Amino acid sequence: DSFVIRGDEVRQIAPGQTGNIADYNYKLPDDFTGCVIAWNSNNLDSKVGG
Amino acid sequence: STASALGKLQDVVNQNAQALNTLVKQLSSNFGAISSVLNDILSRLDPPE
């Protein structure tokens, strides 16, 4: 499951986490097994005009 | 007239009552947790901790 997220909320992708996206868009199970990968996308997913 | 002649049965009854009473009393103990009542710690903290 892949998407793009704001920088300050990267810590919210974890079991038992509360925030803006944690309980409104994407919530992981408490017993989730697997891995999470986060990397930068400034050079491609950012525009000078926004 | 004279009392205290039936010590064995009274002792048995007292032992049973005391054991039940202390078993009930053990509920209020903390055991190192935040509180001795489940509802308070449920409504005060989210599940993960």
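Each value in this text was obtained by applying a stated rule to the coordinates, not by laboratory testing. Cβ coordinates were reconstructed from backbone atoms using ideal geometry, including for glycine residues, and neighbour counts include every protein chain displayed.
Among the candidates B:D11, B:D40, which residue alone is over 30 Å from A:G19 (Cβ atoms), acidic (D, E) and either more than 12 Å from the chain's Cα centre (by Cα) or within 14 Å of chain A (Cβ to nearest Cβ) (or both)?
B:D11
Could you check how many residues of region B:22-46 are assigned to a helix (DSSP H, G or I) and either surrounded by 10 or more Cβ atoms within 10 Å (Cβ to Cβ) or in contact with a helix residue (DSSP H, G or I) (Cβ under 9 Å, 6 or more places away or on another chain) (or both)?
Filtering region B:22-46 down to residues assigned to a helix (DSSP H, G or I) leaves B:22-28, B:38-44.
Narrowing the set further to residues that are either surrounded by 10 or more Cβ atoms within 10 Å (Cβ to Cβ) or in contact with a helix residue (DSSP H, G or I) (Cβ under 9 Å, 6 or more places away or on another chain) (or both) leaves B:40-42.
Within region B:22-46, residues that are assigned to a helix (DSSP H, G or I) and either surrounded by 10 or more Cβ atoms within 10 Å (Cβ to Cβ) or in contact with a helix residue (DSSP H, G or I) (Cβ under 9 Å, 6 or more places away or on another chain) (or both) number 3.
In this structure, does A:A38 turn out to be part of a loop (DSSP other than H, G, I, E, B), closer than 26 Å to B:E49 by Cα and touching a helix residue (DSSP H, G or I) at 6+ places or on another chain (Cβ under 8 Å)? Talk me through it step by step, then tell me what you get.
Numbers: part of a loop (DSSP other than H, G, I, E, B): yes; closer than 26 Å to B:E49 by Cα: yes; touching a helix residue (DSSP H, G or I) at 6+ places or on another chain (Cβ under 8 Å): yes.
When the stated conditions are applied, A:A38 passes them.
Could you tell me how many of the residues in region A:17-30 are surrounded by 12 or more Cβ atoms within 10 Å (Cβ to Cβ) and within 14 Å of chain B (Cβ to nearest Cβ)?
The qualifying residues number 5.
Examine region A:31-44 for a residue that is surrounded by fewer than 10 Cβ atoms within 10 Å (Cβ to Cβ), without any contact (Cβ under 8 Å) to a residue 24 or more places away in the chain, within 26 Å of B:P47 (Cβ to Cβ) and within 14 Å of chain B (Cβ to nearest Cβ), and state whether such a residue exists.
yes
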